[PDB]
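Quick note on labels: first sequence line is chain A, next is B, and so on, each numbered from 1.
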Amino acid sequence: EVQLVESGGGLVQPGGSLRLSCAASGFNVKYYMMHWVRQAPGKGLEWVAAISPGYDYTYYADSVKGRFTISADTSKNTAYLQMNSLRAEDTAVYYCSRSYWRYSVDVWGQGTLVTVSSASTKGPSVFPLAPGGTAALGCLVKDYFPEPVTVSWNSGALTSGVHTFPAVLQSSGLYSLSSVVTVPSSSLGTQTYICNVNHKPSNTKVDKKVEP
Amino acid sequence: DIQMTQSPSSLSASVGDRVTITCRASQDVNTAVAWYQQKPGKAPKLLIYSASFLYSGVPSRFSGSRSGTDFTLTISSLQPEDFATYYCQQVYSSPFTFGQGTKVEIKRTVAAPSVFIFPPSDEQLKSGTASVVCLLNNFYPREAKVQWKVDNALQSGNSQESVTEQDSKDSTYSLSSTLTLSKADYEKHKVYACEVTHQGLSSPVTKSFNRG
């Protein structure tokens, strides 16, 4: 399959180093221009760097020149972004992408989240939001760092009428969010409602039953 | 460095409508300009390559034209799923710069929010903190005023709002207001109310509880 797969993101300290990888499938990078593009959370697309591995020729935004090094190994069909002197400003989903010659970029990777922060990993606290004939219920997922967190309901069995809000950064510098579901009121002692919370960065899986 | 000045920064259009999105390049970039669609949580998808060529699998609604340094992206008939940020990019010379983006929202019928309030859980209070959550479910348009009153005193700078992305199927929004207090602050007051003002309500809707 024609595909790009980024890896190596995660939570890193300010001033530190992080090597991102972009693994190409379905084509060899020798014949393409490979790009790094980043998105600070809620912001637009900023182009960061590009490399033509067949000629070793490199391009950098002034925003990253000297600090960041874009490179490639054609024998590994992989491009790299070596990020150094990392700043809070460099917090972003990092996407790699492919261009042929002077044609426009056509294939993007899924992206890898880089969070630059001196703040420690912290698992969420999960608390119930207890409940015409439609009722609402949910769980508050409170006090976690960093992003992201996943919430599902009834181990993914319940999807209809679910709204997981975007996280908000509270003043303590921890995130918090609510997942909410609108259900029939007839099922408050019939059907049990569990929310499944996965905070992969802290390795915290928490399951909380909510009932009246 | 070439700037791509993208107009407008945001727009609201009904399903069926024609939508026009503008990129002005600060220098000649020939046809080496492309248009990307980015849905929430996702990587951009290529829509239009080399200024006017429709990319494979992309609906014929999407079109692109060039007038010298001015580039135009057109949706012929919107569709509820076209909710997305659209960006243009120039690949004429490094840095290969992106427009600031255009957020396209789908315009629809006014729909009043369903309002629900959730008191702090026992568990949270034992943790020593009190979070009160007000849900506005399935409303249009986005603009909604949520006020918190404890013992009938209007609060300020102690609530955080979060709002879902527009539903790609029914173009509604949901919103959370979360009031956070000390346990002591929670237990020195009796009455907790969120008061909702929205265009679909004839008058403000208040949902409230007394501790106990």
* **Whether over 12 other heavy atoms sit under 6.0 Å from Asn210(B) CG** => yes
* Return yes if some donor-acceptor pair links the side-chain N/O of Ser162(B) with the main-chain N/O of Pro166(A) below 3.5 Å, else return no. => yes
* Asked: Given that the side chain runs from C-beta out, which part of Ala136(A) has a heavy atom under 4.5 Å from chain B: side chain, backbone, both or neither?
  -> both
* Asked: Pick from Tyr103(A), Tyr59(A), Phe127(A), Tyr95(A): which one has the most heavy-atom pairs with chain B under 4.5 Å?
  -> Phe127(A)
* May I ask you to decide whether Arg66(B) forms a salt bridge with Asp28(B), counting only side-chain N to carboxylate O separations under 4.0 Å? => yes
* Based on non-hydrogen pairs under 4.5 Å, which of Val105(A), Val180(A), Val168(A) is most in contact with chain B? -> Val105(A)
* Asked: Between the side chains of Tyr140(B) and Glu105(B), does any donor sit under 3.5 Å from an acceptor?
  -> yes
* Structure fact -> Bottom line for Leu140(A): the part with an atom under 4.5 Å from chain B's heavy atoms is side chain
* Measure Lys43(A) against the heavy atoms of chain B and call it side chain, backbone, both or neither at under 4.5 Å. => backbone
* Greatest number of heavy atom pairs closer than 4.5 Å to chain A - which of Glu161(B), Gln89(B), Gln160(B), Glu165(B) -> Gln160(B)
* Is a donor on one side and an acceptor on the other found under 3.5 Å between the side chain of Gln155(B) and the backbone of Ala153(B)? -> yes
* Name the region of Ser174(B), side chain, backbone, both or neither, that has any atom closer than 4.5 Å to a heavy atom of chain A. => both
* Using modelled atom types only, decide if a donor and an acceptor are shared between the side chain of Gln199(B) and the backbone of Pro141(B) within a distance under 3.5 Å. => no
* To do: Would you mind checking which part of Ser125(A) comes under 4.5 Å of any heavy atom in chain B, side chain (CB onward), backbone (N, CA, C, O), both or neither?
  => neither
* Asked: Pick one: which of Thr180(B), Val132(B), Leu181(B) meets side chain to side chain contact (heavy atoms under 4.5 Å, CB included) with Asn158(B)?
  -> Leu181(B)
* Asked: Side chain of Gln6(B), backbone of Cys23(B): donor and acceptor closer than 3.5 Å?
  -> no
* Asked: Any luck finding a side-chain donor-acceptor pair between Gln90(B) and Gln27(B) under 3.5 Å?
  -> no
* Asked: Side chain, backbone, both or neither: which part of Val126(A) has a heavy atom under 4.5 Å from chain B?
  -> backbone
* Asked: Between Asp167(B) and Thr172(B), does any side-chain donor sit less than 3.5 Å from a side-chain acceptor?
  -> no
* Asked: Going by an N to O cut-off under 4.0 Å, is there a salt bridge joining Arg211(B) and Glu187(B)?
  -> no
* Could you look at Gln170(A) and say if it's the side chain, the backbone, both or neither that has a heavy atom under 4.5 Å from chain B? => both
* Asked: Does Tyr55(A) have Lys30(A) sitting over its ring (NZ/CZ under 6.0 Å from centre, angle to axis within 45°)?
  -> no
* Under a 4.5 Å heavy-atom cut-off, does chain B meet the side chain of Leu113(A), its backbone, both or neither? -> neither
* Asked: Which atoms of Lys208(A) come close to chain B, meaning under 4.5 Å heavy atom to heavy atom: side chain ones, backbone ones, both, or neither?
  -> side chain
* Under a 4.5 Å heavy-atom cut-off, does chain A meet the side chain of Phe53(B), its backbone, both or neither? -> neither
* Asked: For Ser127(B), is it the side chain, the backbone, both, or neither that has a heavy atom closer than 4.5 Å to a heavy atom of chain A?
  -> side chain
* Asked: So which part of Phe116(B) gets closer than 4.5 Å to some heavy atom of chain A, the side chain, the backbone, both or neither?
  -> side chain
* Part of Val48(A) lying under 4.5 Å from any heavy atom of chain B -> neither
* Contact part of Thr182(A) toward chain B, heavy-atom cut-off under 4.5 Å: side chain, backbone, both or neither? -> side chain
* To do: Tell me, out of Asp122(B), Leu175(B), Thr178(B), who's got the most heavy-atom pairs with chain A below 4.5 Å.
  => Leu175(B)
* **Under 4.5 Å from any heavy atom of chain A - which part of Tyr55(B)** => side chain
* Asked: In terms of heavy-atom pairs under 4.5 Å with chain B, which of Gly111(A), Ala130(A), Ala61(A) leads?
  -> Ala130(A)
